[PDB]
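Every chain is named by a letter (A, B, C, D, E, F, G, H, I, J and K) in the order it is written, and numbering of its residues begins at 1.
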């Protein structure tokens, strides 16, 4: 089944999170994560990489 | 294990060589890229005349084509 | 015999031949017929008794077999006498 | 012309290339045409009849834990009688095809038994093996019905065949009991059916039903088996619908084509107010009757 | 009237359904 | 020993090959991922070059 | 017929006639007759429910 | 040895069938199913999801 | 000097006649001031010979 | 943007199929009702009842 | 340092999550008619146990 949505909510990020082991170790300090938008065009593929 | 599958790349069996041109050729890399990403559709190209093939079985020489268990 | 405890950081790949090709987006030559049309001169495998002063064929086969046994780790932990 | 211009919709995050290319067309010589369909997850497999490409352990797990597919189809059809479901023609039709799966082998072996004047001694293991191997490869799709029947009527039987025949047969056309016993033996040795008596029953009843037709044992070689142009399944020869032969009867309203949704119609694609003029729904009843 | 409630519903951590 | 395997080699077993001397392929993660997918697509006996 | 045994028709013919009769009156025949009729819709909602 | 890792975006929760029509044409994709809720969108192009 | 991985098939395209003095490539590439440091000690004293 | 809530976590449904069984694909003069289930409606009421 | 290292790795969280996954089969223990008598025969304390 090509799963498709019934709703959207801007819930906080801790609800469905990659668990504390499935993610790398502490990322406030060692790996700054930023989801920025690509300047190059993307047709398929998110705009916020 | 049977008699080898004997292809040639050349003019003859005695002139050309046993070996197809490996995946690294300039002509094969688009075909290998496709046969990688769209692995379930059939892709045009020269990627077949290469040694690297989509199948688990690569066209590396002295393949025993009548083997009981390949 | 003839030992010196050297080190090595980058070995080659496994020369299995089937190392991925460096992928490219476009081709510098967009002509595919050139792979289908390329003739060459003949590869006469034996000229007379194929004798050559250096052992040009046996030597190269031995030097390919040597390093391939090396990489295959002599190729016997896979199976030798499971039968 | 007051010419119309349509700027091509380019793909976006929201509006993907597939939709923007099939739900939309920038060339307005197709505008307001009609609603097309296509099949996705399971509709595609249902229609395309693509068998799962098998594997080892995993496909064999999915395939061994199948159990009696015909029954489980029936279960799924009836369960539409429970409170939370409705009896659906789609369930009935999945049942109908899960029961009519062996249509090919059955129509074939019926043709072989009953359209082959003098088929050797079918009970003799020679012709029986011709029969087994042909019908075995008629199921399993490796052979066509037509080519397999020609292989049957052409296989090697006995030297001086006409001469042995004109000794045993006046008009040439022998007794069919050896034939049908051979065919039932065929489909009960080859597990063509999960429930054994079914093989014989269809083999028997299709024959019985045809026994009523005029020229009940001649078949026009074209329509007889598969080819390009065929007959509607009500008119097929040893088929299951040939007894389902009937037709419809229509008294249309003064306004009958307009109300094409008003009735107690099952909607797969529900109406929405953009196409729905005044339609209310398949559940509303303006003219109710009092009842406990 | 749950028996031994003062150890089970009151003082057994996991309500007597959870095995620690 | 070896030469009969060079013809039955597969781009699936590149991981197991490099495992023999415990080498580390350049794309070890992209490999492990696809090689796991391909090895999924067939029986555990259908893909072990040891047999 | 069982105490009668294998016959003298050449191809066990009347035996096969009798045995094609034998399984024609089994439950399995009425089972499959039902399945066949189901494939034809001689029934109704009540039948489905039962 | 030669494979790609991609992270792409169309939309993800539970579905069966999908009707699509930007004002020109209406193509549908199906997965057979009895019942559901039926969410309609018009944000640019009319989509209906079941 | 190029810096792609060391293939082991260089001895077979370069005519450095000091190649086939030895057998394996990371010992035919080895320099001579080094190869003098290679000491003769019998076989089970190579930590793989052992 | 305020247009980024309007994003999406799958890949889309791909229009890679043919029309499902008895879908009303327009032949020449078929008066087409796209909505009615092609099977479950013509399935007689003597069976199915008016539910 | 070490038990906080397994924290920043998330291994204590894997431990706790495995707890509740294992909890998916553990039947409720039968605690006997006279639960004190149950525990009494359990510790063997009544006469003859």
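In this text, a contact is a pair of C-beta atoms (placed from the backbone, for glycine too) under 8 Å apart; a residue touches a chain by one contact, two chains touch by 3 or more.
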- Note on the structure: By label, the chains that touch subunit D as well as subunit K are A
- Query: Which number of steps is the smallest that gets you from subunit C over to subunit J via touching chains?
  - Reply: 2
- Message: Centroid of subunit B to centroid of subunit J, CA atoms only: how many Å?
- Response: 44
- Query: How many angstrom lie between the CA centroids of subunit C and subunit I, rounded to a whole number?
  - Reply: 17
- Task: Could you please state the distance in Å, as a whole number, between where the Cα atoms of subunit H are centred and where those of subunit K are centred?
- Result: 47
- Inter-centroid spacing, subunit J versus subunit D (mean Cα positions, whole Å): 21
- Item | Multi-partner residues of subunit K (at least 2 other chains) | none
- Using the touch rule from the top of the page, what residues of subunit J touch 2 or more other chains? 4, 6-15, 17, 20, 34, 47-49
- Residue list for subunit H, restricted to those that touch at least two other chains: 1-4, 8-12, 18, 26-27, 29-32, 43
- Message: Please list each pair of chains that are touching.
- Response: A-D, A-H, A-J, A-K, B-C, B-F, B-H, C-F, C-H, C-I, D-F, D-G, D-H, D-J, E-K, F-H, G-J, H-J
- Message: Touching residues of subunit D toward subunit G in the complex: what are they?
- Response: 78, 80-81, 87, 95-96, 99-100, 121, 123, 175, 177-178, 180-181, 195-198, 200-202, 204-205, 240, 243-244
- Inside the complex, what are the residues of subunit C that reach subunit I? 1-6, 8, 10-13, 15, 59-60, 63-64, 66-67, 70-71
- Message: Taking the touch rule as given, give the residues of subunit C at its contact with subunit F in the complex, in rising order.
- Response: 11, 13-14, 16-20, 68-69, 71-73, 75-80
- Query: For subunit H, which residues are in contact with subunit A within the complex?
  - Reply: 6-9, 11-16, 18, 29, 31, 37, 39, 49
- Query: How about subunit A: which of its residues touch subunit D in the complex?
  - Reply: 1-2, 43-44, 46-47
